[PDB]
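Engineer: Got a sequence here, can you build the structure:
(chains A, B, C, D, E, F, G and H, ligands or ions: 42)
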Amino acid sequence: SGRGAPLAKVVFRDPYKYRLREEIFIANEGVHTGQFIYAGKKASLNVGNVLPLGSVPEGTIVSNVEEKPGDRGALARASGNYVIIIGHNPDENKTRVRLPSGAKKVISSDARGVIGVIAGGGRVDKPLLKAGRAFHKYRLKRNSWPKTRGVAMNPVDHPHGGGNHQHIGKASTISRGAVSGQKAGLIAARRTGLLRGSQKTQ
Amino acid sequence: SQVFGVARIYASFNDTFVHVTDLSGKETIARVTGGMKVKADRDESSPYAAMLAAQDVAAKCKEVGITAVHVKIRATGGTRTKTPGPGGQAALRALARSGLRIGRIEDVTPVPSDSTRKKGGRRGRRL
Amino acid sequence: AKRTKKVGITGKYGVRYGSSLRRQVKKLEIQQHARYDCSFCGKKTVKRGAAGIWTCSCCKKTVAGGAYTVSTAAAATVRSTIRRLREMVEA
Amino acid sequence: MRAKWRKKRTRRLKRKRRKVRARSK
Amino acid sequence: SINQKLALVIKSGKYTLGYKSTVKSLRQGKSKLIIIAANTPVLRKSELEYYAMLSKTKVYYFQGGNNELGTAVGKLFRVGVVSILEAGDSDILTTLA
Amino acid sequence: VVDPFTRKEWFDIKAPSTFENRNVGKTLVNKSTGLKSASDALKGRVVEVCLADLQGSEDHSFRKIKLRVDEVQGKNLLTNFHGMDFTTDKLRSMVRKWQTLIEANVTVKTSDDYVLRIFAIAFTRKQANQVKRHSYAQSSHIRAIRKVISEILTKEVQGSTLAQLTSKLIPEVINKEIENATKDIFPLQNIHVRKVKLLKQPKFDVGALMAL
Amino acid sequence: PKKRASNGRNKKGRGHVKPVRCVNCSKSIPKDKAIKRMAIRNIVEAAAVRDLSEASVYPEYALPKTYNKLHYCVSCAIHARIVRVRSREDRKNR
RNA sequence: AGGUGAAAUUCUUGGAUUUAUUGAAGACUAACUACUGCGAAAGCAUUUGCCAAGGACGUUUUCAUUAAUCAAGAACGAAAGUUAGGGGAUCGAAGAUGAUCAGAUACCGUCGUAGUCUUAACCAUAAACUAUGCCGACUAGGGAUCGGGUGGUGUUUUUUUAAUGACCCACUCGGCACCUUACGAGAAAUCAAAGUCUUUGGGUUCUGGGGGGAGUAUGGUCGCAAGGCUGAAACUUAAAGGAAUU
Ligand SMILES: [Mg+2]
Ligand SMILES: [Mg+2]
Ligand SMILES: [Mg+2]
Ligand SMILES: [Mg+2]
Ligand SMILES: [Mg+2]
Ligand SMILES: [Mg+2]
Ligand SMILES: [Mg+2]
Ligand SMILES: [Mg+2]
Ligand SMILES: [Mg+2]
Ligand SMILES: [Mg+2]
Ligand SMILES: [Mg+2]
Ligand SMILES: [Mg+2]
Ligand SMILES: [Mg+2]
Ligand SMILES: [Mg+2]
Ligand SMILES: [Mg+2]
Ligand SMILES: [Mg+2]
Ligand SMILES: [Mg+2]
Ligand SMILES: [Mg+2]
Ligand SMILES: [Mg+2]
Ligand SMILES: [Mg+2]
Ligand SMILES: [Mg+2]
Ligand SMILES: [Mg+2]
Ligand SMILES: [Mg+2]
Ligand SMILES: [Mg+2]
Ligand SMILES: [Mg+2]
Ligand SMILES: [Mg+2]
Ligand SMILES: [Mg+2]
Ligand SMILES: [Mg+2]
Ligand SMILES: [Mg+2]
Ligand SMILES: [Mg+2]
Ligand SMILES: [Mg+2]
Ligand SMILES: [Mg+2]
Ligand SMILES: [Mg+2]
Ligand SMILES: [Mg+2]
Ligand SMILES: [Mg+2]
Ligand SMILES: [Mg+2]
Ligand SMILES: [Mg+2]
Ligand SMILES: [Mg+2]
Ligand SMILES: [Mg+2]
Ligand SMILES: [Mg+2]
Ligand SMILES: [Zn+2]
Ligand SMILES: [Zn+2]
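Structural biologist: Numbering: from 1, shown residues only, chains lettered A, B, ... in the order given. Ligands and ions are numbered 1, 2, ... in the order given. Next comes the structure:
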């Protein structure tokens, strides 16, 4: 609850003691109760498995990846999200991989990822339609709702305050080096206005 | 007892490329273009600029001392023009006439399996 | 007989929210509430619980999927893609 | 005007005449 | 293709459908072949082959689910596995491997 | 004034033990420091060259080849293979009007784990008594030929590990096995085999190469 | 008035074919309508070639060719003089 | 380096263009390709597998008038366009621009959103062309070709023969067409149908009635929209138009 992705309680035999360990994954789209999950360097190539990235060939899709292997998952965790293996530097074993945001990172090829995409994707397409349907979304996240715009407040409350009209008054873009108290608006905005396009940087 | 090279010549319009490699090419040596031995832009692919291009290139054959070369003429190709530019058969008969000894020519203009729609629009270049 | 000429399941929302959001909400209100087939059980009896969680009513076998469909376009191709790459690694 | 752009004309005129009516009742 | 070789047994020969019934035909050496829908579970699969191991018969694994097999045996319900008792006039028993 | 040619080396290469003229030529690298070496930088490369110069006569004007170097080997390198090709000129010299053209491809593993794919191509021909000016085939023949050309090529490999067959092609042979398999369906004037290349970057398993 | 039975050019039995692009200007023309001509340039130049087989290795041998099949849109195929206006009767040949 | 009549906008020593060795993505299917094929049309071209469908031929098979053409009512319907997902390599309405020009947000150059691919919905128009309704009958020669059948001491194929399969030769039915020539038709251009018509009737559906106003108005109706379908009048004019000649 609170998360748009579905979880997956998976259990393993503890190899140093007679008991079981229930590790909690984020379910990739396609895994199901009763499925067998393989977890290691020599694990094979099917969705749901979790492998070091030097193993999987150029072009795989993985998720909940580690920036430093052993951090137990930091990337591509949201519903419908994933990353792509794009290249291997084998000597100095690091793998370059492209992310949801379009960025490209180079992470130690020993990093563990989970084959496939995170389940529950497509959640954002349906409108919320009812203000209360958002009240309920955020009642299981945090007190981040609703936002009242600064231009409605008095100047004692917000740099966008005051005025006999409702105007920001001065440029709403703030330079990254502003001090906390000032950073209300479009911080370090390298542009503004209407785009048309998308990512893949260089 | 003679060694060879790889000419990878690229005879476009508006320019002419002569560029000799190792048979690998991961190490290659001293390109000259068609615009380095003349500066006009309306005279960049002219045969007179292809002779000048083979001149300062073969002259750099024995820069650490080698002799001979193989040839690969390639026009613009790809999606565009598929036919050798002007300074092609000029820049070759130059280094033939320039004592460097050659043989085994091939045409490696990249020709598609009819793909990737081409510049110019549907009514063409209307001049 | 026929109750709504166009509004179907979104008839609950009345006239509120604007004709086009109800039509977007509609499309996925159907997918979300549709009964699907079970890959293992064969029986057309899997429908969604929470988002991305799809349980066959009998046979009780749960699988993860899209938030509103049992299977997305993306997963179906990435499934047909690692299986593409898997086949050169194994052979 | 040739036909295709004379048609584009009386498509604009036919449609501005169509919308001026809506301002009234 | 090979779908088609079955509908001749139905008028010609005799058969039974289902786990609880074909698992008898195997306990009697009288099922001359069984056919298993692809979507049937492997636990039931593994155990149904053991009987063929004892009943002295080999089995053809079907390429469709219990649904596609039913339409193939010409019925309107899921079918996990079918057993041929007498092919009568049918080509199936030569047409294997 | 750097002149990165005097300050850089010049080596040699054998590729095979198959044919006669196993040695090539040379190139440079910034002379081999503690790493940045010709040992580390060098031999991630391979080559491209023709065939008649391999085996002498000029019935062989065609045929480029690839050559994958594996490991640094003592002021030399022995480079196995990363495939081969044809000539972008002589193909165009065949495909003429008023005749059908057939073309079949296949991919096969080698029993070790090294895998590859190879193509083939043929044309129709007029019988000696033809007056029909075009010699076309019936598209049933064409796929009945495509099906049985493919059956001919895979008959060889996978009873092959990475090297095992590599031996076999050179003398322009399988063109007769296609011929005895296809001079009952349609005449067929040109048969050849244009392009191969390797795909698997598998367990290198050093002990393989030294056979050559 | 109709000018040619083959109105544009050489299509009766199809209603549609896929178009090809002019090698000069990139105009789109349906393949059957286009005017195709083979360019099989010898790879050497006018004369310019005896100078090479001196610089040649190999008892001379060489002499391969180029092969581009040329498709011309009608506008360019007339500017380029590839094709000229025939008389009203001169207009039916192959 | 680019590009061009000629240039400029663009990139490049965090090294472009060129070369190599790997890889990824998305489109497209060259050359073979044609007075060749298939489909009701719009259209349809790499491979193989599965799903049904189809004409021609052959038939000493069966039914037996079940048929032809069609208000109403339906199915499909290029490209673009709409909505929402995916996808976005390329080219590229708009836009950005650099030239040119008297001006030139035009033709040229370089970028570039939508779009271009796709799924699920719409949309129903193209010079949707053969500007030629469909069914049927008859009225000229010719040689080609695609598919099918028959025929033949005919040429090539060896398995061990033959049988096929490829080619030649006659015929044949059915096509895509083509050449000749009109007796006939016609204003002519031209037509084997546009012939078999003042010697005017085989069956049938749809459309037109001088040129504009006008596919406008109004009503209706389909569409989310763009728009589609139906569709006047007041008024106005001695012409506007076709084919051929000089
Ligand atoms: Mg609050
Ligand atoms: Mg808000
Ligand atoms: Mg607010
Ligand atoms: Mg106040
Ligand atoms: Mg302030
Ligand atoms: Mg303040
Ligand atoms: Mg204010
Ligand atoms: Mg306000
Ligand atoms: Mg230039
Ligand atoms: Mg012009
Ligand atoms: Mg116009
Ligand atoms: Mg019982
Ligand atoms: Mg059981
Ligand atoms: Mg005219
Ligand atoms: Mg037809
Ligand atoms: Mg059309
Ligand atoms: Mg570089
Ligand atoms: Mg690799
Ligand atoms: Mg690789
Ligand atoms: Mg054909
Ligand atoms: Mg093709
Ligand atoms: Mg009607
Ligand atoms: Mg449409
Ligand atoms: Mg469309
Ligand atoms: Mg979209
Ligand atoms: Mg795009
Ligand atoms: Mg503009
Ligand atoms: Mg432009
Ligand atoms: Mg562009
Ligand atoms: Mg409709
Ligand atoms: Mg019409
Ligand atoms: Mg008739
Ligand atoms: Mg025939
Ligand atoms: Mg025949
Ligand atoms: Mg016969
Ligand atoms: Mg009138
Ligand atoms: Mg009138
Ligand atoms: Mg009026
Ligand atoms: Mg109206
Ligand atoms: Mg006139
Ligand atoms: Zn189930
Ligand atoms: Zn053109």
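
Engineer: C-alpha from now on. contacts and neighbour counts both.
Structural biologist: Fine.

Engineer: Could you look up the next helix or strand downstream of whichever strand or helix holds residue E:52?
Structural biologist: For residue E:52, the enclosing helix or strand under DSSP states H and E is helix E:42-55. Moving toward the C-terminus from helix E:42-55, the next helix or strand (DSSP H and E) is strand E:60-61.

Engineer: what does stretch B:54-69 contact?
Structural biologist: Stretch B:54-69 has contacts (C-alpha atoms under 8 Å, 6 or more residues apart in numbering or on different chains) with B:2-7, B:18, B:20, B:30-32, B:91-92, B:94-95, B:98, B:100-103, F:5-6.

Engineer: swap that for stretch F:115-123, please
Structural biologist: Identification of contacts with stretch F:115-123 by C-alpha under 8 Å, 6+ apart yields C:91, F:95, F:99-110, F:162, F:188-200.

Engineer: Same question for that stretch: list its buried residues.
Structural biologist: Neighbour-count burial for stretch F:115-123, counted by 16 or more other C-alpha atoms under 10 Å in any protein chain shown, picks out F:115, F:116, F:118, F:119, F:120, F:121, F:122, F:123.

Engineer: ditto for stretch E:67-85
Structural biologist: Using 16+ other C-alpha under 10 Å as the test for burial, stretch E:67-85 gives E:67-70, E:72-73, E:78-85.

Engineer: Helices of chain C, start to end?
Structural biologist: C:19-33, C:73-90 (DSSP state H).

Engineer: Output these as CSV; include the columns distance to residue G:29 and mean neighbour count.
Structural biologist: Shown next, in CSV, are the helices of chain C (distance: least, C-alpha to C-alpha, whole Å; neighbours: other C-alpha atoms under 10 Å in any protein chain shown):
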stretch, distance to residue G:29, mean neighbour count
helix C:19-33, 42, 16
helix C:73-90, 37, 15
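
Engineer: Between the ones you listed, which one is closest to chain E.
Structural biologist: Taking C-alpha to the nearest C-alpha, helix C:73-90 is the member of the helices of chain C nearest to chain E, at 18.4 Å.

Engineer: Put the alpha carbons of that closest one into PDB.
Structural biologist: Taking Å, rounded to 0.1, in the frame of the first residue of the first chain, the C-alpha atoms of helix C:73-90 are listed here in PDB:
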ATOM      1  CA  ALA C  73       2.500  -4.400 -24.900                       C
ATOM      2  CA  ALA C  74       5.900  -3.700 -23.300                       C
ATOM      3  CA  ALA C  75       6.200  -7.000 -21.400                       C
ATOM      4  CA  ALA C  76       5.000  -9.000 -24.400                       C
ATOM      5  CA  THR C  77       7.900  -7.700 -26.400                       C
ATOM      6  CA  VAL C  78      10.500  -7.800 -23.700                       C
ATOM      7  CA  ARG C  79       9.300 -11.400 -23.200                       C
ATOM      8  CA  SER C  80       9.900 -12.000 -26.900                       C
ATOM      9  CA  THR C  81      13.200 -10.100 -26.600                       C
ATOM     10  CA  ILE C  82      15.200 -11.800 -23.700                       C
ATOM     11  CA  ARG C  83      13.900 -15.000 -25.300                       C
ATOM     12  CA  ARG C  84      15.500 -13.700 -28.500                       C
ATOM     13  CA  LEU C  85      18.800 -12.900 -26.600                       C
ATOM     14  CA  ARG C  86      18.500 -16.100 -24.500                       C
ATOM     15  CA  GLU C  87      18.700 -18.200 -27.700                       C
ATOM     16  CA  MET C  88      22.100 -16.900 -28.700                       C
ATOM     17  CA  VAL C  89      23.500 -17.200 -25.200                       C
ATOM     18  CA  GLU C  90      22.400 -20.900 -24.900                       C
END
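
Engineer: do that helix and RNA strand H meet?
Structural biologist: Yes - Helix C:73-90 comes into contact with RNA strand H (C-alpha under 7 Å from any atom of the strand), by way of C:73, C:74.

Engineer: is chain F contacted by that helix?
Structural biologist: Yes - judged by C-alpha under 8 Å from any C-alpha of the partner chain, helix C:73-90 and chain F are in contact via C:88, C:89.

Engineer: Show me what that helix is packed up against.
Structural biologist: Contacting helix C:73-90 under the criterion 3 or more C-alpha pairs under 8 Å, 6 or more residues apart in numbering or on different chains; DSSP states H and E is no other helix or strand.

Engineer: Run through the neighbouring helices and strands of the strand or helix carrying residue F:150.
Structural biologist: In the assignment (DSSP H and E), residue F:150 maps to helix F:140-153. Using 3+ C-alpha pairs under 8 Å, 6+ apart, the elements in contact with helix F:140-153 are strand F:101-109, helix F:174-182.

Engineer: Identify the residues contacting that helix?
Structural biologist: Around helix F:140-153, the neighbours that count as contacts under C-alpha under 8 Å, 6+ apart are F:102, F:103, F:104, F:105, F:106, F:174, F:177, F:178, F:181, F:182, F:185, F:186.
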